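Residues per chain are reported as follows:
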Amino acid sequence: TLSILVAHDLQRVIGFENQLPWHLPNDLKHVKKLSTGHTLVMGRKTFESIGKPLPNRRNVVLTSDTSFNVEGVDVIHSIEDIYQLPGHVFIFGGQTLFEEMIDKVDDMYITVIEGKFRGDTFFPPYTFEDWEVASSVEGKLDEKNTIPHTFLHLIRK
Ligand SMILES: NC(=O)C1=CN([C@@H]2O[C@H](COP(=O)(O)OP(=O)(O)OC[C@H]3O[C@@H](n4cnc5c(N)ncnc54)[C@H](OP(=O)(O)O)[C@@H]3O)[C@@H](O)[C@H]2O)C=CC1
Ligand SMILES: Nc1nc(=O)c2c([nH]1)NCC(CNc1ccc(C(=O)N[C@@H](CCC(=O)O)C(=O)O)cc1)=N2
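**Comments concerning the side chain of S3**
Right, so step 1: Mapping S3 onto the fold places it in strand β1 (residues 2–9).
Right, so step 2: According to the relative accessible area criterion, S3 is buried, its value standing at 0%.
Right, so step 3: Reaching out from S3, the side chain makes a polar contact with the side chain of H88 at a distance of 2.7 Å.
Right, so step 4: Excluding anything up to four places from it in sequence, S3 contacts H88, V89, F90, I91, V105, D107 and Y109.

And the structure:
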């Protein structure tokens, strides 16, 4: 099973200077819930940004670098590799992999961050004419989660 997992803002920003522009503990909790016990596939820059494998799931990194051999991580070197991974596979970023995979995934789990941040990396444009809203759930605001956000589960029409 092949899903996108992403948070993007109102203008589809996903990154700035190899980090997330927002802090939203809840959405990382959201990622944890969705991905724990399964597989994350991510590009090299994204891994480097995370810097360590994410506990309690398969972390797969797509890189051209044949020297890449990290501890806790399985490496792949082409997109085709993804299609041989077993189980529920979340495409986890970044811009490059999203652009490569958006037309290939069954569904997307998108957190819409309801703000406008400065960014240098972007989720590709997509139309609700192509995607059907299996669910939409407003995230809860509180002292530690202060930007409004919506969890979308979208399914290709
Ligand atoms: N908001 C969100 O949901 C998330 C945000 N992000 C953000 O996105 C940004 C990173 O995105 P981006 O800069 O595009 O980088 P990526 O995370 O997509 O990593 C880019 C690298 O991935 C490798 N790669 C990608 N495609 C291939 C391929 N087809 N074959 C072999 N290797 C490949 C390459 O590594 P190499 O050069 O070693 O070959 C490439 O340079 C960061 O700011 C990060 O914070 C990332 C994920 C999620
Ligand atoms: N929807 C979504 N939101 C994101 O913030 C996100 C995304 N998708 N895809 C990839 C990605 C890459 N960045 C990061 C950064 C930190 C963690 C992380 O530490 N997650 C922990 C939970 C931490 C917590 O409980 O606060 C984990 O166990 O997954 C994950 C991804 N970030």
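**A look at helix α1 (residues 25–35)**
Right, so step 1: Taken as a whole, α1 has its buried residues at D27, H30, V31, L34 and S35. Seen end-on, α1 carries its buried residues on one side only, within an arc spanning 110 degrees. Turned more than 90 degrees away from the buried face of α1 sit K29, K32 and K33, all of them exposed.
Right, so step 2: Buried-residue contacts for α1 involve β1, β3 (39–43), β6 (89–91), β7 (107–113) and β10 (149–156).

**Regarding the site of ligand 2**
Right, so step 1: Lining the immediate environment of ligand 2, one finds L5, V6, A7, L20, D27, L28, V31, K32, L54, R57, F92 and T111.
Right, so step 2: Contact between ligand 2 and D27: a nitrogen atom at 2.3 Å from a side-chain N or O atom of the residue.
Right, so step 3: For ligand 2, a nitrogen atom lies 3.5 Å from a polar atom in the side chain of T111.
Right, so step 4: Protein chains bury 77% of the 670 Å² of accessible surface belonging to ligand 2 in isolation.
Right, so step 5: Only β1 and α1 provide two or more residues apiece to the shell around ligand 2.
Right, so step 6: With four residues, the top contributor of residues to the shell around ligand 2 is α1.
Right, so step 7: The class makeup of the residues in the shell around ligand 2 is eight nonpolar, one polar and three charged.

**Topic: the UniProt feature "binding site: substrate" in the protein**
Right, so step 1: Mapped onto the present numbering, the UniProt feature "binding site: substrate" falls at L5, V6, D27, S49, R57 and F92.
Right, so step 2: The residue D27 is located in helix α1 in this model.
Right, so step 3: Discounting chain neighbours no more than four positions away, the residues touching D27 are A7, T111 and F151.
Right, so step 4: One can find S49 in helix α2 (residues 44–50).
Right, so step 5: Once residues lying within four places of it in the same chain are set aside, the contact partners of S49 are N18 and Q19.

The rules behind these values
Residues numbered from 1 in each chain as written, not as in the entry; some residues may be left out. Chains lettered and ligands numbered in written order. Heavy atoms only, no water. Helix = DSSP H or I, 4+ residues; strand = E, 2+ residues; numbered from the N terminus. Buried < 20%, exposed > 50% of the residue type's maximum accessible area, 1.4 Å probe, protein only. Polar contact = N/O pair within 3.5 Å; in protein donor to acceptor, adjacent residues only side chain to side chain. Contact = heavy atoms within 4.5 Å. Arc of directions from axis to C-beta. Near = heavy atom within 4 Å. Areas by Shrake-Rupley, 256 points an atom, 1.4 Å probe, with all protein chains shown as cover. Nonpolar A, V, L, I, M, F, W, Y, C, P; charged D, E, K, R; others polar. UniProt positions renumbered as here; feature names shortened; annotations may be inferred.

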